[PDB]
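Same protein, same chain, two forms; see structure 1 and structure 2 below, as structure tokens.
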Structure 1
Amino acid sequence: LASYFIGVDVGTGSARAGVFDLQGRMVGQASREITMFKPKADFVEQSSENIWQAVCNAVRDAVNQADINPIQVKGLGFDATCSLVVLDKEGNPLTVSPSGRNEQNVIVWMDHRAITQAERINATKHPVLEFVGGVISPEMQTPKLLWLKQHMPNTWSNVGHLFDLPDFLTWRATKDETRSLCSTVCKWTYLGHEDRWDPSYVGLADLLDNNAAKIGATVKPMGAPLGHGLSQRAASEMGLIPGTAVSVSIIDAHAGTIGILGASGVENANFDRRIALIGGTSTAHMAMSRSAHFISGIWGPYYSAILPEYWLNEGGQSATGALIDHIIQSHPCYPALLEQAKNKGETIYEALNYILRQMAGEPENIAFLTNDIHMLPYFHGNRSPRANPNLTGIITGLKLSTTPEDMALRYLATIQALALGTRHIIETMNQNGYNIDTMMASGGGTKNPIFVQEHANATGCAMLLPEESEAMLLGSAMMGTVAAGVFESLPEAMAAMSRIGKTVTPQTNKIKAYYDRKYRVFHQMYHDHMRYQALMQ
């Protein structure tokens, strides 16, 4: 009878579940919001218990909407943000917060409390650092563990488990404490090529104690089955069958890569020329090679972090969809425009795109609208390729005017700034072993025609959109098929369960030259920022 597979994806704001058939088509889906806590600037927290319930509720819902018998679900995969879950000796939520509330036991990925620690770690120039592009980010795990040790010794003395969020999800579902290569290698300095933690690697030697206690010391590749399927409790909690295969966990951006990067063309995907652009709240820029490439300001090279025998170079932008939405929803004209959008059966993006079109006189003139309006998009710092979490945003060409036209121009400027940041990342990869001329893109941005076309225009790269845009849900379900033994490797699941839905190419030379000039201003703004800093010193 028909088999189905479930992908679960816990993002920044919400946990999603998706039910997929063997073709990779989505037959059921659901979402559940998750609580966020912001004690003070730079602090961002969540709750593991709250996350797990959102997951279980979302899954029961997606199954019920697919209208299938739970006996039909053969596998699950779990993916999550690279956030830090903290549990005590008995395994319950243990506080990580200035609030002191144990409910707040998750340090979200975007949290920047540990900038100072990252600086300290970086000062050591220890060997494991070359695999994070030479500069460790406060957003990664070990700087946050160094932060916990120093500020909250109370919590530190009572810790039993330290889980990357996806490994937490997987543990709660199977009891297996086995950790993934993805999360450990990318965010914990585990050596994928030497298959071991580096003892020499900072003031966290105690984590190495009891061999395999707090941080885990059994590590496997994605697609390998965990424990013996869903525990009876977890199964009960999600409305599924005990023993259902569960894959080793994976980080969200990385799930999205499995979900789209392997799509055949129309002819094997060619990684030398194809980058994964995994969008959402933030964006990951994923490229893989058989050879190691060390690249300043880009994480990796990470051996076997996604695909066996591939080195992953991972860049990113910390605020992409989050920046666009901030710029949109921050504007005084937002509520009124949204109201007319609904009246016309439109999204706010469609309403803004309409304004752009009208202002431009012709669609091909839209990009020029921001000739005198520029943005440096480093609102939450820059991850790649500058690797500096202290950078901030700049907008120019501001006027007293508060109209839907102003709002639309600033929205466009935001889109182009993000596209130019993407160009910077791509150019950096092409300077370090790649020949990227194509982006496989996922995320909600890909439903916005102007987002997509200007990314193609600014970068000079074709934009390929998947048939199924929910790339992270799909990727995690694909892992499920591999743990259930329905496909023998990720590569073949990727091939059978994902395909191209749309190809959008760069437009004219005039438009390209415009972006070349915008790109000069983009780079100049960074140097101007550094000069202001110098002058103030």
Structure 2
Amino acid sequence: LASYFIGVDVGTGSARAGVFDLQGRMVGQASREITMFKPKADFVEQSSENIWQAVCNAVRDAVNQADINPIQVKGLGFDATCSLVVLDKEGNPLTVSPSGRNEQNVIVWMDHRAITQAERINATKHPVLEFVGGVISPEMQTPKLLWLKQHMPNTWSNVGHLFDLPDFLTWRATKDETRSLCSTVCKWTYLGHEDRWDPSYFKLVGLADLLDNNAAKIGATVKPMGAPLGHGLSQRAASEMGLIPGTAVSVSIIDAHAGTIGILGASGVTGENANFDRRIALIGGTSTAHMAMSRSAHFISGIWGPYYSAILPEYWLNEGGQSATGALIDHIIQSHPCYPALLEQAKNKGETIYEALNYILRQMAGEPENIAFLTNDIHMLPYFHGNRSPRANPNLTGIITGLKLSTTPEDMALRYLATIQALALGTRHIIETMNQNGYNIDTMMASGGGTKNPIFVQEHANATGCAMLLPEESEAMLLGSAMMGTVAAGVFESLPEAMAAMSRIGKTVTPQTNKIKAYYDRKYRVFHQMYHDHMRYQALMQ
């Protein structure tokens, strides 16, 4: 009579499933890779049928690993990348691809075929663009829809359903076509605060046809996370997954936002739900999303949103990011000529490259409180792939100072430390921007890459002057999705309730001394000056 809940997370590379008990402890997990197709540059495609098979196999293996009965599984939640799934009028895969294969019916979030369409949309200056900083991205869905209407007219004539990936999953599981407020508000321009598609936008950009039949093709009904769909797991989906028909299924959510649910509510007050007002979520990895919520709407330069009820009801979401975080740290580490020799030594000692570099840093520092100061004369402007937040300029580039003609592991370690600090300083700039525009953030909840690196964590806390709180359960997106399942099943009455019950703080890392904090204040002055210097070089060259 003990109950379990499953979260499913469909990432770029794999579909993953986790089985959780009622206190949020993971008792089972499994993974299946999903196939990627890259027919030409900027084109990145997947197959919805391949993904669904991956999800079903992952779920079956996780339940088996958990060693529980299917009647014990009482709720499912699904999250995925914000990719685009195209189906015909019968619900079957319909090609989006130069290959013509109907199997290739998913335009992956990271596909950039629709750059031209995004530029056309942006030129209209339509009001709904104000929620994406006035500049729609080619990754978002409406540019992609316009691209398909233009370049794949036969597909366009035969469309029955245009799903954000998370919504495809819940539809495939339940037959219910209802869409999530998350995908639709964040990525499709749905006005969460007016509960509607804006027909003026769709007409203006040349997508007027999507609104026919009560907007059947894109979402006639749109609901909050935690709401149960259809009559639960369909007979078909239950047989495919090895579960019980009717098992509750929540409305879907985008992957990063699931991560946020997974961690943002882990309470610092015994026997209360968490206070969100002063927290930011850092969803780390190769890139990082910076997510906070307010009771009021704030349009913040360089940050996306405000998106109403995109995660929690009666909260407006603001979302910033850094495009290369783990990716930048790995670029700096892996490009250094000492890398291969140090990697080999690390592997042989059963450590990660980060643990090996951290060891070097500790040795160079003498005592640990001196680690931050090792970069007193070495600075980095981290915008190697532009800056997303708060500068919103994809054309910015990186700078590194303090370079010497030395190629030792010590030099590599210093460059890695400078990278961590630059990224932490960029996080400080995002938090500061939010705090000048409606927030009072003083605490960071973190998940994903970097959270198992003690120097990464500590220097984020030092640079921002905010505590970094690390989760008991590392699997934030699977856990957040499972929490949605509990709400859909009625076990908890609200997401904040589920979050408080199913996540907790595993470790609190506070900023250190005033000396260390003041050092970062000076580093931050350099961080800002480097941007102005960059702009000055550009001016001089003109």
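Throughout, residue numbering runs from 1 along the sequence of structure 1. C-alpha atoms forming the largest set that superposes within 1.5 Å between two forms make up the rigid core.
Undergrad: Scan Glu309, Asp209, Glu194, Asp372 for the one whose CA shifts by 2 Å or more between structures 1 and 2 after superposing the rigid core, and name it.
TA: The residue that shifts is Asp372.
Undergrad: Any chance the CA of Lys512 moves 2 angstroms or more between structures 1 and 2, core superposed?
TA: Passes the 2 Å threshold, so yes.
Undergrad: Given a core-based superposition, decide whether the C-alpha of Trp147 shifts by 2 Å or more between structures 1 and 2.
TA: The answer is no; the displacement is under 2 Å.
Undergrad: Verify the C-alpha shift of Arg179 between structures 1 and 2: is it 2 Å or more after superposing the core?
TA: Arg179 C-alpha, core-superposed: shift of less than 2 Å.
Undergrad: Once you lay the two forms on top of each other by their rigid core, how far has the C-alpha of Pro449 moved between structures 1 and 2, in Å?
TA: The alpha-carbon displacement, core-superposed, is 3.6 Å.
Undergrad: What's the distance in angstrom the Cα of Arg357 travels between structures 1 and 2, core superposed?
TA: That residue's C-alpha sits 6.2 Å away in the other form.
Undergrad: How much does the C-alpha of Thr402 shift between structures 1 and 2, in angstrom, given a rigid core superposition?
TA: Displacement of the C-alpha, rigid core superposed: 9.6 Å.
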